[PDB]
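Cβ: placed from backbone, ideal geometry, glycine included. Neighbour counts: every protein chain shown. Read the figures in this text as sums done on the coordinates, not as results from a lab.
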């Protein structure tokens, strides 16, 4: 019947992973383009699970370490049309909207640098799909006004994403 | 893997939007997306920081909605999930702005119907959203007469179509 | 999430299916427009599961075969606010971004022409939701440099989507 | 080529959005973009059909705004130009929806300031928009004190920023 | 000083022209892709005025008639970074949003099938820019409610873009 | 449109300029965010011409050289609601779509690193508007098949934006 599997996602320090679902072989080239045209010095690895035809994990990358991380995760998840992206020298917010707008892309399961698990369902031999993800940990509590003041300061004084 | 069901409270006049994002800036960006979408919108936004202090981060201009959002985040208890409750605005008035917030990657539901959130717990403190149960299953198929009434509703009551 | 069910998705040759989730009755009309204004001559069927009130499968089409395929799948999935689209004479990449931008639309579970299964969870009578999909098959291997050259040539000489 | 200046009337409480599109469906699509953006928005939309009957096409839920839009279209008298007047909503509440209407290709201005439209007439009945004069030229450069007041305004009066 | 020129734009029956402004040589390939991936049977010609380097009118097309129409208009307008697209078997609404979203594209001066003129300003030798366009003719009057009923019928019964 | 003026745009090597039109004071903060969250390490200066009230050139930056370049151009153009952006360590394609999506932004006149002129119309004292721009130079000829091969190789082997 329907079997559930958990896949642990390795995330080296300094990297972020983006996992999603698309369709059509052109996905690999369009994602490569979305990444390279978003940030000048981005280092990345992108792998896509072709679900028909030769059913090969298609890939592109300008960093071999990241290429292999992406390919390996695709092989472990082993679900049709799932794509994996590992990036360095760029954050997900720098490339996510471009990814969302790639016509082949239909879902983005996660964008994170936290411990992460992917829940996969296998229904028949070699027929798998992503049920969901476990991104990081559960909440320990609710932030206070002082906590709010602190995260506001972080965004304004450290990363300077807000004024 | 354990599966759990979470009932979602939805007071009359409100709509709930549940999704998944990342990064602490999510809460400020969602606040801005809502407030700049509709004059007088009333809302509550809560986001589950999944690392560090792991605190539910929130912004709001309505205390009732703020706490509803915080409560649901605590009940789902899944990292990077965000909850938005809104009044004086409909989801269609703000959804595209939300989709385009760079931190946002998923929107599980936008509704005013009875709603359940299905959560998977794979280990203590490690949970994720598997899906939602938005409303009820179909009772039948629209007839030509039904279609005409649907068209009339959109053109005469809400006037969203011509 | 009590009971899980597997729903097979019929896909006649020459057709593609797009399954997603939205809200509000206007969904059916907005998806109709998104489709007809994307490609001249597109043939399609679109059905949407109204989750409250009359709880009727709402549907628009310009092709009866596709209208019925869309309606039938909504009946089988039987989950509130899920929509189904079947298209001919157009590919998903020709219409997907328009669909993503429809304000009512919040999720797109799949866009494909491959063998497809929808995993549905039933928590109690008449209360169902989509857990995930199984789009195509798992990978048979990893793309080689030779495979890559052939994939590039396909996109440039056959479908001509790249230069 | 003759250049002409068109003064744009802007009643208190209203904002005008002027642009260029094509195809007759422009008017229905703009109507929908506005009405589904903000509950209770009041508006008038006029579009200059540039061929066929060459009639100014309009939609509106407010007669005052409808005629203001029609009048400006007649004064500019340039094919495919559209004019929108809105009340109970600000341009930022509806502009992205407008940008994404497939028929729309240009937006010359969105403002509540004194406004002039510069039109070029190259032959009888053949006119086009060359540009706009939105408000007035700068009087100086923002000081650090000025910046602080600007930030305070956005955070305390309109509350669009945190 | 500043000299104004008028350029008449030829538009054969059955075609539509899209004129705009972008930047960077990649514009020609990105526009080609936006067009071919939007509509299956689209026929088109796209030309772009490279404003530096070799300053060549760059082009792509799957129809020689349309290719030459695009190139010729670029040569007549002769303004840096202006692009011209001529399409058949597709309407501008089928491809405009994809064009707007191409990162290199910053302006779209016109999308039409009407008599059209482009106003160009020359400020120095070989330094030209687009001032504006004259799209079709001025209004003859204001539509009546009956006229409205008629255009509503056209969209619902003829082109079927509305319900 | 009484008087036309030509404004030269200084562009230091390594910088790109983006000139456009918006409305509302929040423009300055939204453009600041669009830039800083698009590329890590981007250096920029952004100035906006408030057209009413205090009528002050509003401006944000993380680089003084670029802040002053942006402020100076706004002073020269001197037209209500026009904004100017100068960037280093990032190319326009890395930030343009974010800018297009800022709700206050309604026009982008140019994005370039080429010799550039802004044509401004003054209808009366203190009332000015942008008529157009002269981005780079006119075409020297039409791309040959050989030129095309070289352009393709450039995009694939040098900047690597295509495969």
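Here are the numbers:
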| quantity | calculated |
| --- | --- |
| Rounded Å value of the spacing that divides the Cα centres of segment B:94-108 and segment E:135-151 | 39 Å |
| Alpha-carbon radius of gyration plus Dmax, which is the widest Cα pair, for chain D in Å | 17.1, 57 |
| Top of B:40, B:52, B:19 by mean-square fluctuation, Gaussian network on chain B, Cα under 10 Å | B:52 |
| Three-way shape call for segment E:1-65 based on the alpha-carbon gyration tensor, with the a/c threshold at 1.5 | oblate |
| Selected from E:117, E:76, E:153 as most flexible by GNM, with chain E as the system and alpha-carbon contacts under 10 Å | E:153 |
| Order of E:123, C:120 - criterion: other Cβ atoms within 10 Å of each residue's Cβ, fewest first | E:123, C:120 |
| Whole-angstrom gap from segment C:1-46 to segment C:48-76, using each part's C-alpha centre | 9 Å |
| Pairwise label distance in nanometres, residue C:157 with residue F:8, each label 7 Å out on the Cα-Cβ vector | 5.3 nm |
| Average beta-carbon neighbours from other chains, 10 Å sphere, peptide A:49-62 | 5 |
| Peptide-level mean, for D:11-19, of C-beta atoms on other protein chains within 10 Å | 1 |
| Order of A:127, F:156 under a 10 Å beta carbon neighbour criterion, fewest first | F:156, A:127 |
| Kirkwood-based shape ratio for chain E, expressed as Rg/Rh from alpha carbons | 1.02 |
| Selected from F:82, F:57, F:106 as most flexible by GNM, with chain F as the system and alpha-carbon contacts under 10 Å | F:106 |
| Whether the protein assembly as shown is rounded, prolate or oblate, judged on the alpha carbon gyration tensor where a/c under 1.5 counts as rounded | rounded |
| Exercise: per-residue mean of other protein chain Cβ atoms within 10 Å, C:112-118 | 5 |
